[PDB]
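Report on one structure; see the data block that follows.
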Protein chains: 2
Amino acid sequence: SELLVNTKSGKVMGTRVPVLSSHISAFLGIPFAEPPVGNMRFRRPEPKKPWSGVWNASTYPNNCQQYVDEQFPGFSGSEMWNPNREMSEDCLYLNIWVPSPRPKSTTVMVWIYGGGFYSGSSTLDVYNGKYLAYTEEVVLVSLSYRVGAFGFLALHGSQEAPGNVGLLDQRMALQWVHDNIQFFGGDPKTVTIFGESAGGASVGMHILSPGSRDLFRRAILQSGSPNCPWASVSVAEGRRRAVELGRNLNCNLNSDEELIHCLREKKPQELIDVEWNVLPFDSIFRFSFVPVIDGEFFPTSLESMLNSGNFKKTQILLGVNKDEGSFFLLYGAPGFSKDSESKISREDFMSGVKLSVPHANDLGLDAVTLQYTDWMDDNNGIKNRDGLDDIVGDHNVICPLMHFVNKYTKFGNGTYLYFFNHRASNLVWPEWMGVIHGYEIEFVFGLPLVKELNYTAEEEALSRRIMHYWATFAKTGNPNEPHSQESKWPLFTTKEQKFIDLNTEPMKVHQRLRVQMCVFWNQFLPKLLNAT
Amino acid sequence: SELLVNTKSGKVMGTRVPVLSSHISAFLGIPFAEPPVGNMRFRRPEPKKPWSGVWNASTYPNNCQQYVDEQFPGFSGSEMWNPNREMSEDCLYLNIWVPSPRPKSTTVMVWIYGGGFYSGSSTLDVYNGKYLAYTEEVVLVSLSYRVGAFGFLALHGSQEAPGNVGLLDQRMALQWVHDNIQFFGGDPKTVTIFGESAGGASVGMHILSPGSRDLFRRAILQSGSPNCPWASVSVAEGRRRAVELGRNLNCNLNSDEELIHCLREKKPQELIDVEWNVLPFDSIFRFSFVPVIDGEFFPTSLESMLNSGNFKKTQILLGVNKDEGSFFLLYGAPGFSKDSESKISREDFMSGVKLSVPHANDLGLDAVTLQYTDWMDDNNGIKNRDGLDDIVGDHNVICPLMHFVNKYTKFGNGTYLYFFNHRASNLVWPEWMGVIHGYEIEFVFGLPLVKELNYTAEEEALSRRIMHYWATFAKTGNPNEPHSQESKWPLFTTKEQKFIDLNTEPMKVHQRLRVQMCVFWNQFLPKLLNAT
Ligand SMILES: COc1ccc2c3c1O[C@H]1C[C@@H](O)C=C[C@@]31CCN(CCCCCCN1C(=O)c3ccccc3S1(=O)=O)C2
Ligand SMILES: COc1ccc2c3c1O[C@H]1C[C@@H](O)C=C[C@@]31CCN(CCCCCCN1C(=O)c3ccccc3S1(=O)=O)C2
Ligand SMILES: *[C@@H]1O[C@H](CO)[C@@H](O[C@@H]2O[C@H](CO)[C@@H](O)[C@H](O)[C@H]2NC(C)=O)[C@H](O)[C@H]1NC(C)=O
Ligand SMILES: *[C@@H]1O[C@H](CO)[C@@H](O[C@@H]2O[C@H](CO)[C@@H](O)[C@H](O)[C@H]2NC(C)=O)[C@H](O)[C@H]1NC(C)=O
Ligand SMILES: *[C@@H]1O[C@H](CO)[C@@H](O)[C@H](O)[C@H]1NC(C)=O
Ligand SMILES: *[C@@H]1O[C@H](CO)[C@@H](O)[C@H](O)[C@H]1NC(C)=O
């Protein structure tokens with residue numbers, strides 16, 4: 001039967017799922033690691049022991065333990081990101097959508113969800129892989145990994161809580177895909193990993209880490225880069241935060257052993273309840289437990305790895321959204337609200353800048369403010385609001401990606417860059433937030449092809465184009481259809497630095513995406529902060 | 001007779017001079033101080049002893065000893081600034097143009113020439129006061145003062161060479177005007193001092209200095225401000241330069257007495273020949289001997305005087321030209337030439353920045369470069385050339401004047417600000433230099449009314465308008481004709497910061513002249529340089 005697949009780990013039984021008037025097979029909740037529970041909490045993952053009999057893979061698995069957004073109860077804009085299955089530490093599973101009839105050896109795409117490294121689920125409606133698998137005829141896999149303290153608590157020097165275990169969870173899933181996807185009709189030689197935000201940072205981290213490079217062929221990064229200021233911490237900062245978490249739970253702090261044992265006796269929600277108390281600064285776009293530059297998963301500093309070409313050389317397709325910072329200003333910066341136009345006073349602007357670049361001294365804060373203030377009209381509320389939106393997006397997402405892009409292209413084998421700037425007609429968030437962080441995902445996953453979701457005919461066309469760009473790239477290392485008549489997405493080169501806009505209008509090519517601001521963020525400001 | 005005037009210093013005999021088909025009286029070369037020669041070189045000026053008989057004031061006097069421009073022999077663009085009379089240390093004289101018939105008590109305007117404090121003459125053709133005196137019916141005076149080491153060599157603590165004596169020369173001339181102008185038909189209660197560049201800085205210095213304030217009524221500053229970075233030095237830097245001058249002439253440096261005596265035995269040209277060797281940095285727009293913050297002529301730092309309102313409160317009219325920096329880039333920055341379009345490479349741009357802000361550390365240089373580089377088109381030669389032109393003009397002239405303007409207006413009784421941006425049709429300098437430092441002077445002095453000088457009919461109209469604005473302001477403290485139908489030059493206020501463009505097009509009002517760049521130069525950069 002089509003729904004029965006024998007893998008190196010044992011037999012698995014899937015389910016037939018309807019998709020746009022047709023059908024495909026889905027193998028949901030396949031285990032790829034032993035549950036990281038009890039004494040294994042904080043530890044590197046262990047491979048799942050093979051099983052006898054047939055594993056029932058007809059339903060989604062549990063989501064990993066995580067902080068749950070309750071800022072807007074019942075609001076779909078925020079709840080579409082919350083776990084939609086019961087949470088459990090026993091959450092290391094992957095999902096596979098397979099075209100029907102089962103292919104023999106086709107293109108494989110593995111999705112890595114985002115969520116600031118503290119949240120996320122592979123089972124969200126926006127990550128439903130059936131549309132992409134069906135429309136592009138690819139085997140679509142979505143993995144999972146531990147987030148928050150469970151996946152990133154780091155006490156460097158200890159083997160009980162070394163840090164980066166969430167990344168190792170992702171690596172283990174990629175190993176399982178490499179070893180077994182052939183049985184589902186996928187070609188292990190042609191695996192593209194793709195993810196957004198923390199998932200995009202993760203993809204870049206696998207490109208960098210020597211121990212992950214051989215597990216995939218190509219990569220797609222959406223609104224995320226390994227060098228993002230929020231994506232990693234030093235082992236000293238990781239240690240300080242782990243100790244501070246312990247201090248919040250009245251743990252014995254005499255030794256790592258004492259600390260870890262105490263943290264292991266706590267129920268999941270006890271760690272989550274105090275997780276946010278360990279941040280070193282009053283800030284926005286900063287998360288507690290994230291990857292650590294350990295000297296193992298990451299051999300040396302990310303910057304030196306990027307500068308020396310110490311990373312997997314292959315093709316990459318990546319990009320950013322127009323208003324990456326709005327989600328974060330709404331949730332923490334003074335003056336912003338979901339139900340107002342959020343025009344920002346000069347003082348709230350100043351407060352926002354301080355929260356946005358928490359690590360900056362006063363000279364640094366002045367540099368940023370000057371760079372984003374129109375002094376001919378400084379009390380303009382809309383300009384202050386949009387300026388902050390740009391500060392947050394440029395600093396945390398766009399400029400780090402542009403730095404990654406330029407460093408990468410020097411050694412890589414092919415780069416395609418995009419600027420997604422279409423605001424969905426059915427967006428439930430207010431207009432001031434614009435093209436929000438995370439909102440290109442629904443187009444990548446084909447949601448607009450579903451009539452009941454209320455997208456326009458051009459948005460469905462945009463979705464189909466993006467899906468075919470992503471899949472063709474996964475398949476060939478080039479998003480363009482060979483011998484096609486359609487407009488060509490040009491290669492991003494060190495010299496011309498071309499990129500295309502991604503929206504419902506006829507393709508348009510540009511060059512040097514936000515160079516003015518990124519020279520400020522990537523070259524000048526760090527020089528200023530390092531000198532003063 | 002109309003050409004005979006009895007003053008408190010003795011009788012003076014002038015000459016009748018033709019002016020635009022009519023005539024007026026001119027009293028040229030009237031002495032206002034004893035010749036500052038021999039043992040009086042470097043000393044404060046002494047008032048001229050009264051004379052018996054009649055002083056022949058029919059011809060221009062000698063010009064003060066100064067460096068002479070030989071960069072373009074025979075070229076009128078540069079030679080129109082060079083002394084046009086024999087040079088001599090016996091050069092403290094003033095000139096007066098009086099309408100005919102002699103008025104009884106009319107508006108007085110006293111001109112203070114510029115020249116970077118190291119050069120300048122009251123006898124230049126562009127400073128001919130007959131047109132303005134005739135057309136506006138004002139008594140026009142042009143004074144003179146020692147420049148270079150002769151007027152500004154400063155060994156603070158010494159009475160033989162205290163510094164600032166060139167400013168005291170100007171003050172003595174203003175005292176003579178106050179005491180005697182009534183005999184020429186001028187009203188001592190209504191004296192307006194006006195000057196350009198170093199002369200404009202001088203005017204602002206008299207506004208600041210307690211010992212000069214009572215000598216005039218109102219002020220006009222053209223492309224110059226007392227706080228300009230090149231207009232003054234500390235007593236320590238003044239001393240170092242004086243000692244270095246001595247070192248260049250093989251002087252005994254054991255004491256001030258030994259140094260000064262040696263400097264006094266040298267012929268004028270010997271000091272001038274090594275004058276430029278004392279600058280502390282490789283730079284442009286920096287001059288050797290300038291005013292010193294001595295604690296006497298200037299009670300405290302210029303900034304604290306400006307901040308506390310420690311200055312004469314009255315009305316001021318001032319402004320800048322569009323391309324203040326071009327003259328200086330042509331003469332010293334790599335890549336610029338008089339006969340080429342001077343498109344600047346990225347490297348010459350960098351070299352220019354270093355010469356333009358000689359006091360800046362590397363972080364400072366990077367800040368400036370970033371602020372003026374279009375990173376989307378950084379190898380554009382015209383943009384690099386124009387960017388440097390703006391760097392030089394903003395830093396040395398425009399932003400210091402804007403800082404002066406805003407500090408002044410808070411305590412003053414009326415401010416009128418202009419932006420002169422008309423390029424004369426008959427300019428002999430190349431097009432790339434634009435509206436050059438010093439080139440609004442010919443319009444202020446009415447040269448365009450002289451047919452043989454080849455100006456257009458609209459330029460003559462512009463000249464007449466400017467002359468009437470200046471004179472009406474001198475007379476009333478307001479450039480606008482009361483009850484006129486013409487467009488009104490609005491008052492510059494702390495709140496609205498309005499200014500007008502000055503050109504052949506219908507008046508246009510704007511606000512916050514070059515605010516973006518001036519916040520950089522007046523607030524951010526000094527904060528950066530002071531911290532790092
Ligand atoms: C690094 O990028 C991200 C960081 C956080 C999240 C996402 C994300 O990318 C997006 C798209 C996708 O990748 C998944 C989740 C998304 C959207 C949903 N949500 C958006 C709200 C994030 C901003 C508020 C975060 N919070 C705090 O900073 C904070 C501080 C103290 C206590 C509680 C909180 S919080 O959870 O409200 C969480
Ligand atoms: C502070 O503003 C200024 C500084 C210098 C001058 C003027 C001026 O404003 C204008 C208009 C008016 O006020 C009178 C003279 C003006 C035009 C004529 N000339 C223009 C040429 C100035 C630029 C070159 C100065 N030189 C040097 O920096 C240098 C260095 C070493 C040796 C020799 C020289 S230099 O004389 O060629 C001299
Ligand atoms: C990606 O790598 C391939 C193979 O290494 C590059 O193709 C080679 O290009 C070189 C230089 O032009 C030729 O000498 C070889 O014959 C090519 N090999 C093959 C098998 O095609 C390709 O140019 C690279 N692409 C980019 C954008 O770097
Ligand atoms: C310049 O100073 C004059 C006189 O000090 C100001 O005129 C006075 O304005 C105050 C306040 O409006 C009135 O109470 C007086 O009656 C006015 N005095 C006279 C004699 O007019 C004038 O407003 C000031 N101008 C500016 C721009 O500051
Ligand atoms: C597979 O497991 C799910 C768990 O709820 C169950 O509903 C479904 O009927 C099961 N099917 C088989 C054949 O075990
Ligand atoms: C005034 O002095 C000048 C000096 O050259 C002379 O030419 C002129 O004739 C003199 N006039 C009288 C009356 O002395």
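Please note that chains go A, B, ... in the order of the structure tokens, that every chain numbers its residues from 1, and that ligands are numbered from 1 in the order shown.
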Interface, chain B side, toward chain A (7 Å; only C-alpha atoms) as a PyMOL selection string: chain B and resi 363+375-376+512+515-516+528+531-532
Filtering to N, CA, C and O atoms, could you give me those residues as a PDB file, in the first residue's frame?
```
ATOM      1  N   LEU B 363      37.446  57.426  13.698  1.00  0.00           N
ATOM      2  CA  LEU B 363      36.018  57.187  13.835  1.00  0.00           C
ATOM      3  C   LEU B 363      35.304  58.433  13.292  1.00  0.00           C
ATOM      4  O   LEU B 363      34.310  58.334  12.577  1.00  0.00           O
ATOM      5  N   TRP B 375      25.955  55.551  -0.927  1.00  0.00           N
ATOM      6  CA  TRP B 375      26.461  54.180  -1.094  1.00  0.00           C
ATOM      7  C   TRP B 375      25.811  53.361  -2.186  1.00  0.00           C
ATOM      8  O   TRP B 375      26.192  52.220  -2.436  1.00  0.00           O
ATOM      9  N   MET B 376      24.842  53.948  -2.848  1.00  0.00           N
ATOM     10  CA  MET B 376      24.167  53.281  -3.944  1.00  0.00           C
ATOM     11  C   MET B 376      24.897  53.686  -5.235  1.00  0.00           C
ATOM     12  O   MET B 376      24.669  53.110  -6.287  1.00  0.00           O
ATOM     13  N   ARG B 512      14.610  75.972   8.474  1.00  0.00           N
ATOM     14  CA  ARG B 512      15.666  75.092   8.970  1.00  0.00           C
ATOM     15  C   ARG B 512      16.750  74.779   7.933  1.00  0.00           C
ATOM     16  O   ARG B 512      16.911  73.636   7.481  1.00  0.00           O
ATOM     17  N   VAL B 515      19.380  71.715   8.172  1.00  0.00           N
ATOM     18  CA  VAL B 515      19.294  71.108   9.510  1.00  0.00           C
ATOM     19  C   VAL B 515      19.896  69.722   9.624  1.00  0.00           C
ATOM     20  O   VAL B 515      20.565  69.428  10.611  1.00  0.00           O
ATOM     21  N   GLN B 516      19.619  68.858   8.649  1.00  0.00           N
ATOM     22  CA  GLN B 516      20.140  67.489   8.706  1.00  0.00           C
ATOM     23  C   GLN B 516      21.642  67.491   8.940  1.00  0.00           C
ATOM     24  O   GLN B 516      22.133  66.923   9.901  1.00  0.00           O
ATOM     25  N   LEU B 528      30.963  62.800  19.436  1.00  0.00           N
ATOM     26  CA  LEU B 528      31.767  61.646  19.081  1.00  0.00           C
ATOM     27  C   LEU B 528      33.259  61.886  19.339  1.00  0.00           C
ATOM     28  O   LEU B 528      33.948  61.045  19.920  1.00  0.00           O
ATOM     29  N   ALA B 531      34.112  61.927  23.037  1.00  0.00           N
ATOM     30  CA  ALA B 531      34.002  60.658  23.742  1.00  0.00           C
ATOM     31  C   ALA B 531      35.104  59.700  23.361  1.00  0.00           C
ATOM     32  O   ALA B 531      35.630  58.993  24.216  1.00  0.00           O
ATOM     33  N   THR B 532      35.451  59.690  22.080  1.00  0.00           N
ATOM     34  CA  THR B 532      36.484  58.792  21.566  1.00  0.00           C
ATOM     35  C   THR B 532      37.830  59.480  21.395  1.00  0.00           C
ATOM     36  O   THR B 532      37.961  60.655  21.832  1.00  0.00           O
TER      37      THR B 532
END
```
Ligand 3 neighbours within 8 Å using only C-alpha atoms and all ligand atoms, as JSON, numbers by chain: {"A": [314, 412, 413, 414, 415, 491]}
Nearest residue to residue 416 (chain A) from the set A:149, A:253, A:318, A:28 (distances using only C-alpha atoms):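 Among A:149, A:253, A:318, A:28, it is A:318 that comes nearest to residue 416 (chain A).
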Site check for ligand 6: residues at most 8 Å away, only C-alpha atoms and all ligand atoms, as a PyMOL selection string: chain B and resi 56-59
Against ligand 1, which residues of chain A fall within 7 Å? For each one I want the closest pair of atoms and the distance in Å (one decimal), counting only C-alpha atoms and all ligand atoms, rows by chain and increasing residue number, as a Markdown table.
```
| residue | atom | partner | partner_atom_place_in_ligand_line | distance |
| --- | --- | --- | --- | --- |
| A:67 | CA | ligand 1 | 36 (O) | 6.9 |
| A:69 | CA | ligand 1 | 36 (O) | 5.7 |
| A:71 | CA | ligand 1 | 37 (O) | 6.9 |
| A:78 | CA | ligand 1 | 18 (C) | 6.1 |
| A:81 | CA | ligand 1 | 18 (C) | 5.2 |
| A:113 | CA | ligand 1 | 13 (O) | 6.4 |
| A:114 | CA | ligand 1 | 13 (O) | 3.5 |
| A:115 | CA | ligand 1 | 14 (C) | 3.8 |
| A:116 | CA | ligand 1 | 1 (C) | 3.6 |
| A:119 | CA | ligand 1 | 38 (C) | 7.0 |
| A:120 | CA | ligand 1 | 14 (C) | 6.0 |
| A:196 | CA | ligand 1 | 13 (O) | 5.7 |
| A:197 | CA | ligand 1 | 13 (O) | 5.0 |
| A:198 | CA | ligand 1 | 1 (C) | 5.6 |
| A:199 | CA | ligand 1 | 13 (O) | 6.9 |
| A:276 | CA | ligand 1 | 31 (C) | 5.2 |
| A:284 | CA | ligand 1 | 28 (O) | 5.4 |
| A:285 | CA | ligand 1 | 28 (O) | 6.0 |
| A:286 | CA | ligand 1 | 28 (O) | 6.5 |
| A:287 | CA | ligand 1 | 28 (O) | 6.9 |
| A:327 | CA | ligand 1 | 23 (C) | 5.8 |
| A:328 | CA | ligand 1 | 23 (C) | 4.4 |
| A:331 | CA | ligand 1 | 24 (C) | 5.0 |
| A:332 | CA | ligand 1 | 28 (O) | 6.6 |
| A:437 | CA | ligand 1 | 10 (C) | 5.8 |
| A:438 | CA | ligand 1 | 11 (C) | 4.1 |
```
Please write the residues from the selection above to a file, keeping N, CA and C atoms, as a PDB file, in the first residue's frame.
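Result file is result37.pdb:
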```pdb
ATOM      1  N   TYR A  67       6.598  29.084  25.755  1.00  0.00           N
ATOM      2  CA  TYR A  67       5.842  30.243  26.227  1.00  0.00           C
ATOM      3  C   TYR A  67       4.711  30.396  25.206  1.00  0.00           C
ATOM      4  N   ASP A  69       1.679  32.849  23.627  1.00  0.00           N
ATOM      5  CA  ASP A  69       1.218  34.225  23.441  1.00  0.00           C
ATOM      6  C   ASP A  69      -0.235  34.431  23.860  1.00  0.00           C
ATOM      7  N   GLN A  71      -1.326  37.812  24.438  1.00  0.00           N
ATOM      8  CA  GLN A  71      -1.499  39.260  24.299  1.00  0.00           C
ATOM      9  C   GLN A  71      -2.864  39.626  23.693  1.00  0.00           C
ATOM     10  N   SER A  78      -2.252  36.617  16.148  1.00  0.00           N
ATOM     11  CA  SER A  78      -1.276  36.105  17.101  1.00  0.00           C
ATOM     12  C   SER A  78      -1.427  34.616  17.371  1.00  0.00           C
ATOM     13  N   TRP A  81       0.201  31.489  15.475  1.00  0.00           N
ATOM     14  CA  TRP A  81       1.592  31.120  15.772  1.00  0.00           C
ATOM     15  C   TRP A  81       1.727  30.205  16.984  1.00  0.00           C
ATOM     16  N   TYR A 113      10.906  25.482  11.353  1.00  0.00           N
ATOM     17  CA  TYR A 113      10.128  26.610  11.882  1.00  0.00           C
ATOM     18  C   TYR A 113      10.894  27.628  12.712  1.00  0.00           C
ATOM     19  N   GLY A 114      10.369  28.858  12.723  1.00  0.00           N
ATOM     20  CA  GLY A 114      10.961  29.924  13.507  1.00  0.00           C
ATOM     21  C   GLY A 114      10.207  30.067  14.824  1.00  0.00           C
ATOM     22  N   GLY A 115      10.429  31.188  15.510  1.00  0.00           N
ATOM     23  CA  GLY A 115       9.784  31.453  16.786  1.00  0.00           C
ATOM     24  C   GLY A 115      10.777  32.022  17.810  1.00  0.00           C
ATOM     25  N   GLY A 116      11.786  32.762  17.342  1.00  0.00           N
ATOM     26  CA  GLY A 116      12.769  33.359  18.245  1.00  0.00           C
ATOM     27  C   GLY A 116      13.550  32.401  19.136  1.00  0.00           C
ATOM     28  N   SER A 119       9.929  29.444  20.870  1.00  0.00           N
ATOM     29  CA  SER A 119       8.613  28.915  20.560  1.00  0.00           C
ATOM     30  C   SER A 119       8.612  28.367  19.154  1.00  0.00           C
ATOM     31  N   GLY A 120       7.462  27.856  18.726  1.00  0.00           N
ATOM     32  CA  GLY A 120       7.359  27.313  17.385  1.00  0.00           C
ATOM     33  C   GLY A 120       6.826  25.890  17.367  1.00  0.00           C
ATOM     34  N   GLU A 196      12.251  30.176   8.295  1.00  0.00           N
ATOM     35  CA  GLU A 196      12.058  31.606   8.425  1.00  0.00           C
ATOM     36  C   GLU A 196      12.421  32.121   9.824  1.00  0.00           C
ATOM     37  N   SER A 197      13.031  33.305   9.868  1.00  0.00           N
ATOM     38  CA  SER A 197      13.433  33.948  11.117  1.00  0.00           C
ATOM     39  C   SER A 197      14.390  33.008  11.898  1.00  0.00           C
ATOM     40  N   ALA A 198      14.026  32.580  13.106  1.00  0.00           N
ATOM     41  CA  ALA A 198      14.937  31.683  13.826  1.00  0.00           C
ATOM     42  C   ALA A 198      15.220  30.421  12.980  1.00  0.00           C
ATOM     43  N   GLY A 199      14.238  30.003  12.174  1.00  0.00           N
ATOM     44  CA  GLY A 199      14.437  28.859  11.296  1.00  0.00           C
ATOM     45  C   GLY A 199      15.425  29.229  10.181  1.00  0.00           C
ATOM     46  N   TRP A 276      11.737  34.777  30.795  1.00  0.00           N
ATOM     47  CA  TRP A 276      12.017  36.131  30.354  1.00  0.00           C
ATOM     48  C   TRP A 276      12.746  37.011  31.361  1.00  0.00           C
ATOM     49  N   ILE A 284      13.801  44.833  23.165  1.00  0.00           N
ATOM     50  CA  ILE A 284      12.849  44.175  22.291  1.00  0.00           C
ATOM     51  C   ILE A 284      13.721  43.424  21.283  1.00  0.00           C
ATOM     52  N   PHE A 285      13.159  42.377  20.700  1.00  0.00           N
ATOM     53  CA  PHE A 285      13.870  41.534  19.742  1.00  0.00           C
ATOM     54  C   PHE A 285      15.104  40.844  20.367  1.00  0.00           C
ATOM     55  N   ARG A 286      14.957  40.397  21.615  1.00  0.00           N
ATOM     56  CA  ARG A 286      16.024  39.666  22.332  1.00  0.00           C
ATOM     57  C   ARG A 286      15.328  38.538  23.082  1.00  0.00           C
ATOM     58  N   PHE A 287      15.872  37.333  22.960  1.00  0.00           N
ATOM     59  CA  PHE A 287      15.294  36.138  23.554  1.00  0.00           C
ATOM     60  C   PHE A 287      16.320  35.471  24.481  1.00  0.00           C
ATOM     61  N   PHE A 327       6.140  43.871  14.280  1.00  0.00           N
ATOM     62  CA  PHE A 327       5.635  42.898  15.262  1.00  0.00           C
ATOM     63  C   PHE A 327       6.247  43.182  16.646  1.00  0.00           C
ATOM     64  N   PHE A 328       7.549  43.460  16.665  1.00  0.00           N
ATOM     65  CA  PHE A 328       8.265  43.670  17.913  1.00  0.00           C
ATOM     66  C   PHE A 328       8.028  45.002  18.585  1.00  0.00           C
ATOM     67  N   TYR A 331       4.569  44.738  20.336  1.00  0.00           N
ATOM     68  CA  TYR A 331       4.585  44.033  21.609  1.00  0.00           C
ATOM     69  C   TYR A 331       5.356  44.652  22.745  1.00  0.00           C
ATOM     70  N   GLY A 332       6.301  45.535  22.489  1.00  0.00           N
ATOM     71  CA  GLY A 332       7.012  46.078  23.631  1.00  0.00           C
ATOM     72  C   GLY A 332       7.369  47.555  23.692  1.00  0.00           C
ATOM     73  N   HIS A 437       6.839  40.590   9.689  1.00  0.00           N
ATOM     74  CA  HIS A 437       7.774  39.483   9.875  1.00  0.00           C
ATOM     75  C   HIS A 437       6.929  38.208   9.915  1.00  0.00           C
ATOM     76  N   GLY A 438       7.232  37.265   9.032  1.00  0.00           N
ATOM     77  CA  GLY A 438       6.513  36.002   9.024  1.00  0.00           C
ATOM     78  C   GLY A 438       5.373  35.897   8.024  1.00  0.00           C
TER      79      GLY A 438
END
```
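Pairwise distance (CA of residue 347 (chain B), CA of residue 435 (chain B)) equals 25.4 Å.
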Best match for closeness to ligand 5 among A:262, A:441, A:143, A:54, counting only C-alpha atoms and all ligand atoms: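 The shortest atom-to-atom distance to ligand 5 comes from A:54.
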Contacts of residue 183 (chain B) at 12 Å (only C-alpha atoms; same-chain gap of 3+ positions) as number ranges by chain: B: 2-12, 96, 98, 102-106, 139, 176-180, 186-188
Residue neighbourhood residue 224 (chain A), 6 Å, only C-alpha atoms, exclusion window fewer than 2 positions, as a PyMOL selection string: chain A and resi 197+200-201+222
Which of region 155-381 of chain B fall in alpha helix (DSSP H), as a ChimeraX atom specification: /B:165-180,198-208,235-248,256-265,268-274,302-308,326-332,346-356,362-372,381
Test item: residues at most 10 Å from residue 147 (chain A), only C-alpha atoms, excluding those fewer than 3 positions along its chain, as an MDAnalysis selection string: chainID A and resid 64:67 114:121 144 150:153 164:167 289:290
Keeping N, CA and C atoms for every residue in the selection just given, could you write it to a file as a compact mmCIF listing (two decimals), in the first residue's frame?
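The new file result32.txt reads:
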```txt
# COMPACT_ATOMS: atom_id res chain seq x y z
N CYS A 64 6.54 21.14 21.17
CA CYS A 64 7.48 21.25 22.28
C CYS A 64 6.98 22.28 23.31
N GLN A 65 7.44 22.13 24.55
CA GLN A 65 7.06 23.03 25.64
C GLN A 65 7.54 24.44 25.30
N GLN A 66 6.67 25.43 25.46
CA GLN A 66 7.03 26.80 25.11
C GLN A 66 6.10 27.85 25.73
N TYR A 67 6.60 29.08 25.75
CA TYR A 67 5.84 30.24 26.23
C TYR A 67 4.71 30.40 25.21
N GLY A 114 10.37 28.86 12.72
CA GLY A 114 10.96 29.92 13.51
C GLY A 114 10.21 30.07 14.82
N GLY A 115 10.43 31.19 15.51
CA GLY A 115 9.78 31.45 16.79
C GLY A 115 10.78 32.02 17.81
N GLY A 116 11.79 32.76 17.34
CA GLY A 116 12.77 33.36 18.25
C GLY A 116 13.55 32.40 19.14
N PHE A 117 13.59 31.14 18.73
CA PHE A 117 14.25 30.05 19.47
C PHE A 117 13.54 29.73 20.80
N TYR A 118 12.44 30.41 21.10
CA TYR A 118 11.74 30.11 22.35
C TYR A 118 10.35 29.53 22.13
N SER A 119 9.93 29.44 20.87
CA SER A 119 8.61 28.92 20.56
C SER A 119 8.61 28.37 19.15
N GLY A 120 7.46 27.86 18.73
CA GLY A 120 7.36 27.31 17.38
C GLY A 120 6.83 25.89 17.37
N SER A 121 6.14 25.54 16.28
CA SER A 121 5.55 24.22 16.11
C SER A 121 5.59 23.88 14.62
N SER A 144 11.14 19.21 13.86
CA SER A 144 10.85 19.92 15.09
C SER A 144 12.12 19.90 15.93
N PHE A 150 14.74 24.40 27.30
CA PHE A 150 14.83 22.98 26.94
C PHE A 150 15.76 22.72 25.78
N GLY A 151 15.90 23.68 24.87
CA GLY A 151 16.77 23.44 23.74
C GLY A 151 18.05 24.25 23.72
N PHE A 152 18.13 25.27 24.55
CA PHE A 152 19.29 26.13 24.50
C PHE A 152 19.93 26.57 25.81
N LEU A 153 19.47 26.03 26.94
CA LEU A 153 20.09 26.37 28.22
C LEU A 153 21.54 25.93 28.02
N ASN A 164 22.99 24.47 22.60
CA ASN A 164 22.79 24.12 21.21
C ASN A 164 22.06 22.79 20.94
N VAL A 165 21.48 22.17 21.96
CA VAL A 165 20.83 20.87 21.71
C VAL A 165 19.63 20.95 20.77
N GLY A 166 19.01 22.13 20.70
CA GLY A 166 17.89 22.32 19.79
C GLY A 166 18.42 22.25 18.36
N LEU A 167 19.62 22.77 18.15
CA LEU A 167 20.21 22.72 16.82
C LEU A 167 20.56 21.25 16.51
N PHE A 289 17.05 32.02 25.73
CA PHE A 289 17.86 30.86 25.40
C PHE A 289 17.97 30.63 23.91
N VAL A 290 19.17 30.89 23.42
CA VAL A 290 19.46 30.77 22.00
C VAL A 290 20.81 30.06 21.81
```
Region 291-294 of chain A environment, 7 Å, only C-alpha atoms, sequence neighbours closer than 4 positions dropped, as a list in words: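 The contact residues come out as residues 152, 163, 164, 231, 232, 233, 234, 235, 238, 298 and 301 of chain A.
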Nearest candidate to residue 126 (chain A) (options A:378, A:34, A:90, A:440; using only C-alpha atoms):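 Looking at the shortest contact to residue 126 (chain A), the residue is A:440.
Candidate residues B:191, B:319, B:35, B:225 were compared for distance to ligand 2, and the nearest is B:225, using only C-alpha atoms and all ligand atoms.
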Per-residue DSSP, region 9-186 of chain B, filtered to strand (DSSP E or B), as a ChimeraX atom specification: /B:10-13,15-19,22-31,33,47,54-56,58,63,87,93-98,106-112,139-142,186
